[PDB]
Amino acid sequence: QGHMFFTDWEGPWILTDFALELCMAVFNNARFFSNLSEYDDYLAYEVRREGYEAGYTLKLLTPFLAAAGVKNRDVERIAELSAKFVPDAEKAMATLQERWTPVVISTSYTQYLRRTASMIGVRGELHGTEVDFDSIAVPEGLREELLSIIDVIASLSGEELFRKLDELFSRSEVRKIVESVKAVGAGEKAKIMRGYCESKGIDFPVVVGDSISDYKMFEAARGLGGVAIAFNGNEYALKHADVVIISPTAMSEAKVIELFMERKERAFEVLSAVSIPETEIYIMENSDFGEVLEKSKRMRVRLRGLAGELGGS
Ligand SMILES: [Mg+2]
């Protein structure tokens, strides 16, 4: 197989925020989701709660979805309905797969990754949060408790919200369900990527991401002497990236990934020669952070809309 590169899914390839889309399809409650996702950002990056990883939002959402009666077929259907790709995603992936193998590492459910990856002909390795809804038992009382508390959580903010969620997720019966999920958060992405570098003898890991959930994978790549690439990243991603791509087309990713896969350390010297419409590529150690951030966030929202400002994945 062609040499491997590593990539997040939502942002680089698909525009969908699947955790959000599930929440909206099942509960139609954006404030509930924003609150859970803010909590995730808070615990993972601000507090750095021991054992907590950025992108565990979907893990936290799982007991609510189970309580609402979500089954694996529903996950697949919502995956189908909500799938919206970065412009040129399939065209760019087809170009890359002529020579290289993607390893996709996502916080979203592996089932959803499988269904959506096939839509743009991904032929690589897929890693995500693992759940089997059709096995999760939720007693009638607990179902009532979880469904009732949604409006409560949505109504809270700040310290009171975080306090309430700490309490909720510490309940033995809720914790039970949360622990049945094998989640992918920031730490797991780093571990998965390192495992491939070891097993496949990759001296120069090329990793692509866009949010907090990618930051440990970014640092791990940097430590190993590879490169961390953000595609329309947010502040969290940019604070840990070597290279930032600001672009409305996945063809910019195809080109930059190609350059690094071919030339490794010597790709840096040719990035300024890449000329793709509406595409800017910044080497962060030679750039003004604030300038790059403002531009990146603008493109981020252009492509992903309001979902492009959410944390949690
Ligand atoms: Mg992402």
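These values consider heavy atoms only, across backbone and side chains, with no hydrogens, waters or symmetry-generated copies. One is the number of the first residue; the rest follow in order along the sequence. Counting starts at 1 for both ligands and their atoms, in listed order.
- Note on ring orientation: taking the six-membered ring where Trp is involved, the planes of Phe260 and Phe204 are parallel (angle under 30°, cut-offs 30° and 60°).
- Look at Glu145 and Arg171 and you find a salt bridge, because one of the NZ, NE, NH1 or NH2 atoms lies within 4.0 Å of a carboxylate O, short of that distance.
- For a distance bound of 2.8 Å, the N, O or S atoms of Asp8 include one lying that close to the Mg ion (ligand 1).
- Between the side chains of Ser108 and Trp9, no donor N or O sits under 3.5 Å from an acceptor N or O.
- The closest approach of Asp210 to the Mg ion (ligand 1), by N/O/S atoms, is made by OD1.
- Looking at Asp151, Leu22, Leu147 one by one, the single match for side-chain contact (heavy atoms from CB on, under 4.5 Å) with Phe27 turns out to be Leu147.
- Take the N/O/S atoms of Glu10: the one nearest the Mg ion (ligand 1) is O.
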